[PDB]
K.L.:
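One structure coming up, written as structure tokens, with questions to follow.
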Amino acid sequence: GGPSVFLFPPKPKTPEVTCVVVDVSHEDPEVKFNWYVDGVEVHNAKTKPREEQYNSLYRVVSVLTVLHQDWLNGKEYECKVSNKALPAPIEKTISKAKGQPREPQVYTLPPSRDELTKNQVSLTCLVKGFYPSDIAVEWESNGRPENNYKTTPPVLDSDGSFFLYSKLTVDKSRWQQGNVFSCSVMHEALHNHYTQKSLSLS
Amino acid sequence: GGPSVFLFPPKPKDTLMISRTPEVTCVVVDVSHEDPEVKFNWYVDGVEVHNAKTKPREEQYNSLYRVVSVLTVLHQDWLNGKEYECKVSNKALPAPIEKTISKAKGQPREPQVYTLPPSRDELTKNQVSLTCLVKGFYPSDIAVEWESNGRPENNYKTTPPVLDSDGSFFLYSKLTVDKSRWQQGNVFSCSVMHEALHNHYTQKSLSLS
């Protein structure tokens with residue numbers, strides 16, 4: 001277990017910059033935030049009460065209200081979190097430049113030919129090129145939501161965008177019969193904030 | 001308020017590479033400012049050792065100290081499941097604090113490596129994604145790389161291990177290449193290092209159909 005930090009832009013429609021700390025250890029729930037604007041610190045940010053994730057680890061959020069005309073001018077906003085279980089403080093920066101939302105690309109991949117020997121096969125859903133990291137993925141089959149899937153946490157790609165993979169495990173018999181499976185993704189940068197990519201045998 | 005102890009295992013790549021140094025790290029947090037000294041005792045399967053290295057103390061954001069002791073472990077010792085105990089003594093402690101760590105116990109499971117070509121929808125783009133699914137391995141310590149034509153490929157990212165529904169772990173490694181390299185039929189290789197593999201190494205190729 002190790003904490004991760006994410007910075008969120010104000011939505012284009014009161015503006016706010018958000019620093020999210022996920023996977024805070026259960027022994028030391030305390031997290032200390034320091035906010036920088038072009039290098040000088042501000043103190044008007046307010047920290048939300050801690051939330052316990054499904055894995056007992058904690059999610060601690062700090063919200064900094066941002067001057068509207070300031071965001072138009074392109075000033076950098078820095079969030080520095082510091083925790084006892086942390087080897088060193090974690091720093092994140094966000095601005096209007098490349099803080100822009102990026103539409104995720106959703107690709108479904110059938111099982112490897114070598115996996116068709118096993119009794120179960122892996123249906124994978126690749127979601128790449130999205131910003132910010134907040135995203136939700138689900139699997140269905142003919143509209144019935146599936147239960148035996150797992151999704152990796154977001155991974156920062158080499159271009160500043162994020163990607164992840166979701167793996168649905170289905171019986172090989174169900175796959176070869178021609179069943180249709182769907183990978184659903186919800187994200188703010190998507191058109192209608194929702195898209196679905198289907199997957200089926202040849 | 002009260003000083004607590006955390007014990008970390010070695011990094012996965014340090015346990016898998018003969019040229020690296022795997023370390024067990026004992027971290028004492030919230031050490032008193034007027035009683036700052038900490039005495040470390042290290043035990044390997046009950047036998048005390050003395051080759052541990054202490055680091056200079058570091059003050060935190062709350063005016064209290066953090067002191068770290070680092071013990072080098074043998075590659076074969078860690079893989080064989082030897083247990084490492086760190087005992088932390090301090091004047092402000094009513095009694096010493098003991099913490100013990102070892103490699104994840106349970107039957108080691110061989111990773112299954114599956115290479116997945118880019119989706120046809122991505123073939124309209126200038127760069128395509130080459131996917132390496134590594135599935136069903138235990139424990140989670142693992143290392144993944146990409147190479148091609150005898151040279152490593154470095155434009156890849158790998159997800160951390162994820163706990164699967166069967167008690168094993170899986171991850172994905174994504175190699176991004178120019179579309180023309182993939183359309184040429186050039187062969188790419190996903191290499192995995194893991195204790196359960198023969199010679200702790202395997203590699204699966206990925207090429208155009």
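Letters A, B, ... are given to chains in the order of the sequence lines, protein chains preceding strands, and every chain is numbered from 1.
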K.L.:
Kindly indicate whether the side chain of A:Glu30, heavy atoms from C-beta on, has any atom under 4.5 Å from the side chain of B:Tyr61.
P.N.:
yes
K.L.:
Distance from A:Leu116 atom CG to A:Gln176 atom CD, nearest 0.5 Å?
P.N.:
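A:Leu116 atom CG to A:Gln176 atom CD measures 5.5 Å (nearest 0.5 Å).
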K.L.:
Regarding A:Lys197 and the six-membered ring of A:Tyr107, is the cationic atom NZ or CZ under 6.0 Å from the ring centre and inside 45° of its axis?
P.N.:
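No, A:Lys197 does not lie over the aromatic ring of A:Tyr107.
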K.L.:
Does the side chain of B:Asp30 pick up a donor-acceptor pair with the side chain of B:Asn62 at under 3.5 Å?
P.N.:
yes
K.L.:
To the nearest 0.5 Å, what is the distance between OH on B:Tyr43 and CD on B:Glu98?
P.N.:
7.0 Å
K.L.:
So, is the end of the A:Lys167 side chain (NZ or CZ) under 6.0 Å from the ring centre of B:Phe170 and within 45° of the ring's axis?
P.N.:
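Yes.
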K.L.:
For B:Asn155 and B:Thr176, does a side-chain donor sit closer than 3.5 Å to a side-chain acceptor?
P.N.:
no
K.L.:
Can you confirm whether B:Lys157 is buried at NZ, in the sense that more than 12 heavy atoms of other residues, nucleotides or ligands lie under 6.0 Å from that atom?
P.N.:
yes
K.L.:
Using side-chain heavy atoms (C-beta onward) and a distance below 4.5 Å, is A:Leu57 in contact with A:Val24?
P.N.:
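A side-chain contact under 4.5 Å is absent here.
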K.L.:
Regarding B:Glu58 and B:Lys55, does a basic nitrogen lie under 4.0 Å from an acidic carboxylate oxygen?
P.N.:
no
K.L.:
Measure up the A:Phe130 and A:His187 rings against each other and bin them: parallel (under 30°), tilted (30 to 60°), perpendicular (over 60°).
P.N.:
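Plane angle over 60°, so perpendicular.
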K.L.:
Pairing donors with acceptors under 3.5 angstrom, does anything connect the side chains of A:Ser200 and A:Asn179?
P.N.:
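On atom types as modelled, these side chains do not qualify, holding no pair under 3.5 Å.
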K.L.:
Does the pair A:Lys84/A:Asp28 count as a salt bridge with the N-to-O cut at 4.0 Å?
P.N.:
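Salt bridge absent between A:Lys84 and A:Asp28.
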K.L.:
Judged by atom type as modelled, is there a donor-acceptor pair below 3.5 Å linking the side chain of B:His33 to the main-chain atoms of B:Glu59?
P.N.:
no
K.L.:
Would a 4.5 Å heavy-atom cut-off, applied to side chains only, mark A:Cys125 and A:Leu168 as touching?
P.N.:
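With C-beta onward as the side chain, the pair stays apart.
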K.L.:
Please report the interatomic distance OG1(B:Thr72) to CD(B:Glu23), rounded to the nearest 0.5 Å.
P.N.:
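Answer for the OG1-CD pair, B:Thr72 versus B:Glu23, is 5.0 Å.
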K.L.:
Show the nearest heavy-atom pair for residues A:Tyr194 and A:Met186, with the distance to one decimal.
P.N.:
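Looks like CD1-CG, 3.6 Å.
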K.L.:
To the nearest 0.5 angstrom, please state how far the CD1 atom of B:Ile142 sits from the CG atom of B:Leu16.
P.N.:
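Result: 8.5 Å between the selected atoms.
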K.L.:
Which heavy-atom pair separates A:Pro9 from A:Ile94 by the least distance, and what is that distance?
P.N.:
N-CD1, 3.5 Å
K.L.:
What distance do A:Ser198 atom OG and A:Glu140 atom CD have between them, rounded to the nearest 0.5 Å?
P.N.:
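The OG atom of A:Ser198 sits 11.0 Å away from the CD atom of A:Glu140.
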K.L.:
State, yes or no, whether a side-chain contact exists between B:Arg109 and B:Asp166 at a heavy-atom distance under 4.5 Å.
P.N.:
yes
K.L.:
To check you understand the geometry: which heavy-atom pair defines the closest contact between B:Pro160 and B:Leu171, and what is its length?
P.N.:
O-CB, 3.7 Å
K.L.:
For B:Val192, does its backbone N or O pair with a side-chain atom of B:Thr202 as donor and acceptor, under 3.5 Å?
P.N.:
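Checking the backbone N and O of B:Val192 against the side chain of B:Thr202, no donor-acceptor pair under 3.5 Å is found.
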K.L.:
Tell me whether B:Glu122 is salt-bridged to A:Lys128, with the criterion being a basic N under 4.0 Å from an acidic carboxylate O.
P.N.:
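Yes, this pair counts.
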K.L.:
Would you find a donor on one side and an acceptor on the other, under 3.5 Å apart, between the side chain of B:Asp14 and the backbone of B:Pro10?
P.N.:
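Looks like no, no N/O pair under 3.5 Å.
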K.L.:
Tell me, do A:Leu109 and B:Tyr172 make a side-chain contact under 4.5 Å, heavy atoms counted?
P.N.:
no
K.L.:
State whether the side chain of A:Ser95 and the backbone N or O of A:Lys75 hold a donor-acceptor pair below 3.5 Å, judged by distance alone.
P.N.:
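Side chain of A:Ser95 to backbone of A:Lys75, a donor-acceptor pair under 3.5 Å: no, none is there.
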K.L.:
Does a side-chain N-to-carboxylate-O contact under 4.0 Å join A:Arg174 and A:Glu146?
P.N.:
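A salt bridge is present here (some side-chain N lies under 4.0 Å from a carboxylate O).
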K.L.:
Using the rule given for salt bridge (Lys or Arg N to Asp or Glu O under 4.0 Å), can you reason through A:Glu16 versus A:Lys11, listing the C-alpha separation, both sets of side-chain angles and the distance that settles it, and then say yes or no?
P.N.:
CA-CA 8 Å; A:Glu16 290 170 345; A:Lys11 299 196 193 64; over 6 Å; no
K.L.:
Nearest heavy-atom pair of B:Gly185 and B:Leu208: which atoms, and what distance?
P.N.:
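It is CA-CB, 4.2 Å.
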K.L.:
According to the interplanar angle, ranging from 0 to 90°, do the rings of B:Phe169 and B:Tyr138 count as parallel (below 30°), tilted (30 to 60°) or perpendicular (above 60°)?
P.N.:
parallel
K.L.:
Is there a donor-acceptor pair closer than 3.5 Å between any side-chain N or O of A:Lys92 and the backbone N or O of A:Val5?
P.N.:
yes
K.L.:
Roughly how far apart are B:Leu206 CG and B:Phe188 CZ, rounded to 0.5 Å?
P.N.:
8.0 Å
K.L.:
Hey, are B:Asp178 and B:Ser180 close enough side-chain-wise for a donor-acceptor pair under 3.5 Å?
P.N.:
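No, because no side-chain N or O of B:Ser180 sits under 3.5 Å from a partner of the opposite role on B:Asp178.
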K.L.:
Around A:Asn147, counting heavy atoms of other residues, nucleotides and ligands shown, do more than 12 lie under 6.0 Å from its CG?
P.N.:
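Incorrect, the count does not exceed 12.
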K.L.:
Any non-hydrogen side-chain atom of B:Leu133 less than 4.5 Å from a side-chain atom of A:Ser122?
P.N.:
yes
K.L.:
Counting heavy atoms not belonging to B:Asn126, are there more than 12 under 6.0 Å from its CG?
P.N.:
no
K.L.:
Under 3.5 Å, is there a donor-acceptor pair between the side chain of A:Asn73 and the main chain of A:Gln69?
P.N.:
yes
K.L.:
Checking side-chain hydrogen bond (donor to acceptor under 3.5 Å, both in side chains) between A:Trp139 and each of A:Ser184, A:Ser182, A:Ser166, which is the one that passes?
P.N.:
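The option that passes is A:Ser166.
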K.L.:
Do the non-hydrogen side-chain atoms of B:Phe40 and B:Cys26 ever get within less than 4.5 Å of each other?
P.N.:
yes
K.L.:
If we ignore hydrogens and angles and just use 3.5 Å, is the side chain of B:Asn90 paired with the main-chain N or O of B:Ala92 as donor and acceptor?
P.N.:
yes
K.L.:
Taking C-beta and beyond as the side chain, do B:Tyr84 and B:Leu71 meet within less than 4.5 Å on heavy atoms?
P.N.:
yes
